[PDB]
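Since the structure comes first, as structure tokens, the remarks are kept for the end.
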């Protein structure tokens, strides 16, 4: 009975891990999209800094 | 704080002029949002977005439409949220996001408005564009939603095709995909196709071959072949006892059992 | 919505002028490469690379693998010319994937994977370079270049040594390397690899992969092809073999048969 | 492509002027990087960073120093990489410092074998991470610092850092095992310092505070080591070490600690005469 | 199953690193930009 | 009988080895905690940028206006202990991935919005 219980627990843990593996795929994908958008954000922030500086010089 | 009504009146009077009117509308609308009058704030973002469109600032209009969608959804106005998402999607698609907001729109349609056909269309389109972005899983998620709704909507063949696409993209969820696909093929009375799917899954994916899902699908195929509805019910209960069934499977197997009953009607 | 054909005609007529033509082409295409070419003519190389990435994106989606490959090539060239070897390596890996799966141009895929791994190594991204080198070594061994594949496996072993994270990878690496060395009829090198793996990595020493490699080395030494087949079946029974290993061991068995032909 | 040497010469001639010289140096250096001449590219980033500092753009100088560190490390020039990381760290701290200090400590420990500077870098990085409330990064830095300190003959300080790690990781479900090892390691350090009573105190504290550690094999091994040192039976300690290895493989850190402990038993045997 | 998960999270570590660095840089650039618009407003008045 | 028992001993030994290998999942949890701390930082920087964009909006607007049996038993004992701890780890990892997935979704949306606000103000500044 002990070995059957152990087998049942291992099958269940395989199940929990089978769920976990799907979740981490969704997670890697989210991170790839967020990396691209964070690159976009950095570029836009630099562009905004430069534009604001150019207006600062203009008003001066 | 300025009166939002006076700001809206000034924006209408001014409606560079469009930009100023949009700014006034945005101010009045932020005041509304601060007052938790979410629907009025959404209407004011919508007016600002329309003025921005008239001004040529399409990106600003789309952002304001997204804000309109956000506040309408928080305010419980699903229809205006759907409209705002549609304008934002059109602006974004026209500008080179459409998929993200189309997925959100499909979610809104499926849960809030129960417009399942439009939700299916939104999910299919979002999945196609996500596929267009090589985001295999977002397209896969959209296709899961699309296939689920399509199978629940009576379109079993199309749902099975989408499940095949999911299987091909995920090769190299699959265990379920195969099962679901077979179930759909069995809802369409095509037991041969279900057997072909089971064999393909067993031979291509070693994990699915030894999986409980494979045995359950084989048992269902055998039950439909012998026309033993009670045996199918027993197999369903056995499958439920170890792995809980979901409402999608409940519906598919209920239509299958009713199809066995319809065959019994054809027996006479 | 504006007619994309009319927009393209206007872009061609205008083709600052290049920028306007590129914007018109982008609008027409959005309604649905020329815009990227116009951007290049305008000096905006980064925008051209982004547009090429977009061209690659939709070509891959439309099933047009060749145009997708071309777009990736221009984007990679633009990015590399601007010092963005990270982007170049990412898109070179995607290009190698396209070549390997869609066009079956295995040599170009090997070149792309090798280059992507090298640039990733230059960026100190050990894991992406390791992935690229896995792909490169796999294709090279499948392509008849066993010695080069074994060398890449040695590089992978050296890069992954000491990392608790890549242990399993190492356990396989050693095996694969030995298999490649055994596909090249160099049983001595395979034995050296097995000994190095046993002495350097305690996990590999007690791993089933080490025993399987030793059994294969012994079988090739005695020239008992049937014993090799039995060992392969035993290994499959507990750890499923993959198509790469199938091919390597099939060539090894055919090499034993060639030795038997040479025996007469 | 422009000649990087000519660009560097023009930058030197111009060296707003500093900004232009830095841009020219960056261009020449990207060309060098494109040629895989990583050391020259690092030198050119360094010149650009110096010019940026002269221009007042400290953040750009720090980013350029980080690029210098990257390319020097890729080029195998550990010393210039260390220097670049130091300037970048100084710039960032005056305005990231902990991340680059951890990288610098790694470079010192593996490439240059300057273990004292690596210990200092790890300690400082952990302290700054603690100041940012990043418990896990500080915990990693303190693990590295304690490991090097115990390997360096500073057993008491390593045990103190292990106590800090224990206190920071207490109550967290994610770090349980870490605690299980921490206690052990701490005790081992206290036993390397010939402080068997403190090792017993640590074992008792771990048993009473953490139920997982009480029933863990590490707790039994630590108790066995404490008993062996108390009876002065070096062979019994060796047997316990082999038994522990048979189920849980030992690492080089533990090997060194227990070797010094056995040599301390031998030194006690010398004092016996 | 535990081996695959570990490998996959390691790969994702790279993404997290780049995201962290880019967002930090963006924040510092935005702060500088706001400073510039402040001085610009000070002059334009 | 003796041979079968020996095979059973070997089987339980390998199962234990693999279970311990599986446990060494914890490296994954450690990494997820580290990445969680980093994502906490990303969230803080994004919040700050939201506030700074509000300031930028108002400034830009104003600018424009201006023996064998016993071992089998003991190995099974150890396998059960490790299996229990593995199950707990799998559950915790699933929960952590769920939480981080929602956090990442919010990070993505906020990043897109900020990028856009910056592009908007940049276009407006270009015209001044």
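Protein chains in written order, with the entry's author numbering: chain J, 27 to 86; chain I, 1 to 15, 31 to 111, 115 to 190, 197 to 292; chain H, 1 to 15, 31 to 47, 61 to 292; chain G, 1 to 15, 31 to 110, 115 to 292; chain K, 213 to 257; chain L, 433 to 456, 458 to 499, 589 to 650.
Where a beta carbon is used, it is the ideal one built from N, C-alpha and C, also for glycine.
Collapsing the DSSP output to three states places residue 267 of chain G in coil. When only Cα atoms are considered, residue 95 of chain I and residue 103 of chain I end up about 12 Å apart.
When C-alpha distances from residue 644 of chain L are compared across J:73, J:85 and J:82, the shortest belongs to J:73. The CB of residue 59 of chain J comes closer than 7 Å to the CB of 153 in chain I, given here in chain order.
The continuous alpha helix (DSSP H) containing residue 157 of chain I extends over residues 154 to 170. Residues are counted here when their Cβ sits less than 7 Å from a Cβ of chain J; for the stretch 223 to 245 of chain K these are 223, 224, 227, 228, 230, 231, 234, 235, 237, 238, 241, 242, 244 and 245, given in chain order. Between residue 41 of chain H and chain I, the shortest Cβ-Cβ separation is below 9 Å. Only residues of its own chain outside the window of five on either side were considered, and among them 263, 266 and 267 have a CB closer than 8 Å to the CB of residue 236 of chain G, listed in chain order. Taking a 10 Å sphere around the C-beta of residue 72 of chain I, we find 16 or more other C-beta atoms and assign the residue as buried. Using a Cβ distance threshold of 9 Å, residue 41 of chain I and residue 2 of chain I do not count as a contacting pair.
Between the alpha carbons of residue 153 of chain I and residue 282 of chain H lies a distance of about 42 Å. Going by beta carbons, residue 590 of chain L and residue 437 of chain L fall inside the 9 Å limit. With a beta-carbon spacing of about 6 Å, residue 204 of chain G and residue 181 of chain G fall inside the 8 Å limit used to define contacts. The DSSP-derived three-state label of residue 116 of chain H is helix. No residue range can be given for residue 133 of chain H, since it is assigned to no alpha helix (DSSP H) and is classified by DSSP as neither H nor E.
Remark: C-beta atoms of residue 107 of chain H and residue 119 of chain H approach each other more closely than 9 Å. 82, 85, 86, 88 and 89: these are the residues of the stretch 79 to 91 of chain H whose beta carbon lies less than 8 Å from some beta carbon of chain I, given in chain order. When 7 Å is used as the limit between beta carbons, residue 473 of chain L is near no residue of chain H, the shortest such separation being about 23 Å. Chain L places no beta carbon closer than 9 Å to that of residue 226 of chain H, leaving this residue out of the contacts. Of all residues in the stretch 175 to 196 of chain H, only 192 and 193 come within less than 7 Å of chain L when Cβ atoms are compared, listed by chain position. Close partners of residue 27 of chain J in chain L (Cβ separation under 7 Å) are lacking, with about 12 Å as the shortest Cβ gap. DSSP places residue 44 of chain J in the helix class (H, G or I) of the three-state scheme.
Within the stretch 33 to 77 of chain I, the runs of alpha helix (DSSP H) that reach at least 4 residues and sit entirely inside it are, in chain order, 53 to 70. Proximity of residue 268 of chain G to chain K, defined by a Cβ-Cβ separation below 9 Å, is not satisfied. According to the DSSP assignment, residue 246 of chain G belongs to the alpha helix (DSSP H) that extends over 236 to 250.
Taking a Cβ-Cβ cut-off of 8 Å, the neighbours of residue 111 of chain I in chain H comprise 41, 45 and 82, given in sequence order. For residue 197 of chain H against residue 188 of chain H, the beta-carbon gap comes to about 6 Å, under 8 Å, which counts as contact. Classified as exposed, residue 110 of chain G has fewer than 16 neighbouring CB atoms from the shown chains inside 10 Å of its CB.
Taken through DSSP and simplified to helix, strand or coil, residue 58 of chain J comes out as helix. The contact set of residue 597 of chain L on chain H, defined by CB atoms closer than 8 Å, is empty, because the minimum CB distance reaches about 15 Å.
DSSP places residue 650 of chain L outside both helix and strand once states are collapsed to three, so it counts as coil.
If you compare the alpha carbons of I:202, I:253 and I:215 with that of residue 233 of chain I, the shortest gap goes to I:202.
The shortest CA-to-CA distance from residue 213 of chain G to any of G:246, G:50, G:270 and G:155 is the one to G:246. The beta-carbon of residue 74 of chain H is placed no less than 9 Å from the nearest beta-carbon of chain L. No Cβ-Cβ contact shorter than 9 Å links residue 130 of chain I with residue 272 of chain I. It is roughly 31 Å from the alpha-carbon of residue 164 of chain H to the alpha-carbon of residue 145 of chain I.
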